[PDB]
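One structure is given below, encoded as structure tokens.
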Amino acid sequence: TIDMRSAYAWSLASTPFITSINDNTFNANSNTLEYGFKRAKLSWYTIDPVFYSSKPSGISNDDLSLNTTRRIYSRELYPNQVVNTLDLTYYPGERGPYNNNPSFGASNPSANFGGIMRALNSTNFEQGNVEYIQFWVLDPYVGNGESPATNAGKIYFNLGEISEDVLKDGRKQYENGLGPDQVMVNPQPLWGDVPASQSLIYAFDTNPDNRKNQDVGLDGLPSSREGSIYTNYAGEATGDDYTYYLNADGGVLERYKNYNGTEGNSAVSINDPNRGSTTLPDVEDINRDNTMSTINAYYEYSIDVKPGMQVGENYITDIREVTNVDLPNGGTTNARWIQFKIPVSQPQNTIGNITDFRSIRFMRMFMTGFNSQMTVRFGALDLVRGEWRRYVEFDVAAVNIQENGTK
């Protein structure tokens, strides 16, 4: 396997397609700013270990037990010790990051995505023989975290050469090195104040008075001048901000509401009320080639998230139903662990001129098609490379105790 659970290694995503020429989700239309008009406000985060140990002065034991923040033990997944999940708590009514969508109150929240992309460490699935994509999503429709029915999950898995241009600026990349000291593009590049100088090394300074002016998001506007571009949503101070997970107010599912913002995400002097979770610039390079590669060679791998799911369903496998997990307060629920397996050499809606797996990069997530919150918790999301090279739906798994201990 090649683990892919890194909560920090993901980041915002270029807005998708469903076939190379399509404008649903408002994409391949960069002429205007109507590019993130369909973007919800999902988050991604591992519930940090300071909630189950000696707790903060916020959440009590009543919120650590509602099956979206439950401290899944390894025993609970693999009936052979704590499993660090990777949530994707998706908010298809929260306007997400950068977009001045004027109405955003009549459009169906089903027509809003939430983007996340990675940068695969190893290309060329041919040489590596990357066969499957496996993971252990929680069946979200169980006790204490049961989102009501009528969600109709459409988690996509664009696994191609996804456009690394997160915030479509006209092929202008983006970095630190902002402020009045530096120079920017003569016109504001339709989103912000994208600087005019090439990134020598992606890293801030250490002058705390300076870094406070550099990290201003993926726009360049310091959130005090964002009201000049985001006009209709202006006078709300805005498009993006940041809040430390142990600084916000509410349940653990909601403290990670804005623990993905880019503005203030790199505060110096770690012993602050608002830490950063990164000391890296807020740049539009997921792979750090020092370039963007604004291309689209996808391989969609759709998934449904329905109320009920057998094993013969979309790509499901061994479901691993649990019975009575002692929740932290006094309770116990019935959780499900529907494992999936998307065969990588069987795409669905190949976008662009991609033809073979000789070079792959930038896997990408979604949560499109919802109507309320969803907190899909990937127990172990993972590209799993075979080692056996198959020479009638002939297939080759590798049955293991921990995986198929409940086949």
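Ligands are numbered from 1 in the order shown, residues from 1 within each chain, and chains are lettered A, B, ... in the order they appear in the structure tokens.
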Using DSSP secondary structure from the backbone, list all strand (DSSP E) positions within range 133-281 of chain A, as a PyMOL selection string. chain A and resi 133-135+159-160
I'd like the contact shell of residue 351 in chain A - 9 Å cut-off, only C-alpha atoms, skipping same-chain residues fewer than 5 positions apart - returned as a PDB file with N, CA, C and O atoms, in the first residue's frame.
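Output file around-v6.pdb is given in full below:
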ATOM      1  N   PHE A  17     -14.602  18.771 -13.633  1.00  0.00           N
ATOM      2  CA  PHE A  17     -15.468  18.498 -14.768  1.00  0.00           C
ATOM      3  C   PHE A  17     -16.294  17.252 -14.470  1.00  0.00           C
ATOM      4  O   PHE A  17     -16.205  16.694 -13.373  1.00  0.00           O
ATOM      5  N   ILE A  18     -17.104  16.807 -15.427  1.00  0.00           N
ATOM      6  CA  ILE A  18     -17.636  15.448 -15.394  1.00  0.00           C
ATOM      7  C   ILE A  18     -17.416  14.842 -16.772  1.00  0.00           C
ATOM      8  O   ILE A  18     -17.620  13.642 -16.987  1.00  0.00           O
ATOM      9  N   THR A  19     -17.024  15.692 -17.716  1.00  0.00           N
ATOM     10  CA  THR A  19     -16.557  15.322 -19.045  1.00  0.00           C
ATOM     11  C   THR A  19     -16.000  16.591 -19.669  1.00  0.00           C
ATOM     12  O   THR A  19     -16.607  17.655 -19.513  1.00  0.00           O
ATOM     13  N   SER A  20     -14.872  16.482 -20.380  1.00  0.00           N
ATOM     14  CA  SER A  20     -13.962  17.590 -20.680  1.00  0.00           C
ATOM     15  C   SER A  20     -14.644  18.897 -21.055  1.00  0.00           C
ATOM     16  O   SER A  20     -14.196  19.973 -20.651  1.00  0.00           O
ATOM     17  N   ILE A  21     -15.720  18.819 -21.829  1.00  0.00           N
ATOM     18  CA  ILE A  21     -16.524  19.996 -22.123  1.00  0.00           C
ATOM     19  C   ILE A  21     -17.802  19.985 -21.290  1.00  0.00           C
ATOM     20  O   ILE A  21     -18.842  19.479 -21.725  1.00  0.00           O
ATOM     21  N   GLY A 160      -5.749  11.816 -11.984  1.00  0.00           N
ATOM     22  CA  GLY A 160      -5.276  12.059 -13.330  1.00  0.00           C
ATOM     23  C   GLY A 160      -4.022  12.902 -13.375  1.00  0.00           C
ATOM     24  O   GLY A 160      -2.995  12.529 -12.810  1.00  0.00           O
ATOM     25  N   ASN A 296      -5.755  19.333 -17.706  1.00  0.00           N
ATOM     26  CA  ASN A 296      -6.827  18.469 -17.215  1.00  0.00           C
ATOM     27  C   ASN A 296      -6.756  17.145 -17.966  1.00  0.00           C
ATOM     28  O   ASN A 296      -7.191  17.053 -19.117  1.00  0.00           O
ATOM     29  N   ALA A 297      -6.207  16.126 -17.311  1.00  0.00           N
ATOM     30  CA  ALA A 297      -6.233  14.754 -17.808  1.00  0.00           C
ATOM     31  C   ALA A 297      -6.725  13.893 -16.652  1.00  0.00           C
ATOM     32  O   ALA A 297      -5.928  13.322 -15.908  1.00  0.00           O
ATOM     33  N   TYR A 298      -8.039  13.786 -16.510  1.00  0.00           N
ATOM     34  CA  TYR A 298      -8.621  13.167 -15.335  1.00  0.00           C
ATOM     35  C   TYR A 298      -8.806  11.672 -15.525  1.00  0.00           C
ATOM     36  O   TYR A 298      -8.497  11.098 -16.566  1.00  0.00           O
ATOM     37  N   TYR A 299      -9.337  11.047 -14.478  1.00  0.00           N
ATOM     38  CA  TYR A 299      -9.936   9.714 -14.490  1.00  0.00           C
ATOM     39  C   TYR A 299     -10.939   9.695 -13.338  1.00  0.00           C
ATOM     40  O   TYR A 299     -10.572   9.432 -12.193  1.00  0.00           O
ATOM     41  N   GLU A 300     -12.202   9.964 -13.649  1.00  0.00           N
ATOM     42  CA  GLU A 300     -13.193   9.987 -12.586  1.00  0.00           C
ATOM     43  C   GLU A 300     -13.430   8.589 -12.043  1.00  0.00           C
ATOM     44  O   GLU A 300     -13.332   7.594 -12.760  1.00  0.00           O
TER      45      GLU A 300
END
As a PyMOL selection string, please: the residues near range 29-38 of chain A (cut-off 6 Å, only C-alpha atoms, same-chain neighbours under 3 positions excluded). chain A and resi 25-26+99+101+112
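Of the listed residues (A:214, A:68, A:232, A:123), A:68 comes nearest to residue 336 in chain A; the distances count only C-alpha atoms.
Close contacts of residue 403 in chain A, defined as residues with an atom at most 10 Å away when counting only C-alpha atoms, with chain neighbours fewer than 4 positions off set aside, comprise residues 77, 78, 79, 80, 317, 318, 320, 339, 398, 399 and 407 of chain A.
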Dump of N, CA and C atoms for the selected residues, as an mmCIF file, in the first residue's frame:
data_model
loop_
_atom_site.group_PDB
_atom_site.id
_atom_site.type_symbol
_atom_site.label_atom_id
_atom_site.label_comp_id
_atom_site.auth_asym_id
_atom_site.auth_seq_id
_atom_site.Cartn_x
_atom_site.Cartn_y
_atom_site.Cartn_z
ATOM 1 N N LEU A 77 -11.928 -1.247 13.938
ATOM 2 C CA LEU A 77 -11.824 -1.537 12.509
ATOM 3 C C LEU A 77 -11.349 -2.956 12.257
ATOM 4 N N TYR A 78 -10.179 -3.292 12.782
ATOM 5 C CA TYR A 78 -9.520 -4.539 12.445
ATOM 6 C C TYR A 78 -9.653 -5.489 13.618
ATOM 7 N N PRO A 79 -10.661 -6.349 13.650
ATOM 8 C CA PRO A 79 -10.757 -7.334 14.746
ATOM 9 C C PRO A 79 -9.646 -8.374 14.629
ATOM 10 N N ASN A 80 -8.436 -7.935 14.957
ATOM 11 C CA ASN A 80 -7.231 -8.722 14.781
ATOM 12 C C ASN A 80 -7.268 -10.018 15.574
ATOM 13 N N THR A 317 -17.241 -3.545 -0.385
ATOM 14 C CA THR A 317 -16.754 -4.860 -0.007
ATOM 15 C C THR A 317 -17.154 -5.027 1.453
ATOM 16 N N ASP A 318 -16.473 -5.931 2.155
ATOM 17 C CA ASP A 318 -16.746 -6.291 3.542
ATOM 18 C C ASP A 318 -17.085 -5.081 4.401
ATOM 19 N N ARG A 320 -18.254 -4.851 7.828
ATOM 20 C CA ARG A 320 -17.646 -4.797 9.154
ATOM 21 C C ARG A 320 -18.524 -4.026 10.141
ATOM 22 N N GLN A 339 -16.182 -0.776 3.462
ATOM 23 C CA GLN A 339 -14.932 -0.674 2.725
ATOM 24 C C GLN A 339 -15.191 -0.640 1.231
ATOM 25 N N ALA A 398 -5.621 -9.081 -3.061
ATOM 26 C CA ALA A 398 -4.693 -9.823 -2.205
ATOM 27 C C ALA A 398 -5.363 -9.937 -0.841
ATOM 28 N N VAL A 399 -6.072 -11.046 -0.633
ATOM 29 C CA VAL A 399 -6.860 -11.222 0.579
ATOM 30 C C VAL A 399 -5.948 -11.314 1.788
ATOM 31 N N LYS A 407 -14.771 -11.409 5.452
ATOM 32 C CA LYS A 407 -15.281 -11.486 4.091
ATOM 33 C C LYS A 407 -16.627 -12.193 4.062
#
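Remark: for residue 274 in chain A, the closest of the candidate residues A:302, A:247, A:258, A:6 is A:247 (distances computed over only C-alpha atoms).
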Near-residue 184 in chain A list (7 Å; only C-alpha atoms; drop same-chain fewer than 5 positions) as a ChimeraX atom specification: /A:193-196
Can you measure CA of residue 120 in chain A to CA of residue 8 in chain A for me? One decimal in Å is fine. 13.9 Å
All residues 9 Å or closer to range 218-231 of chain A, only C-alpha atoms, same chain fewer than 4 positions away omitted, as a PyMOL selection string: chain A and resi 98-101+166-167+174-176+178-179+190-195+213-214+235-241+262-263+282-284
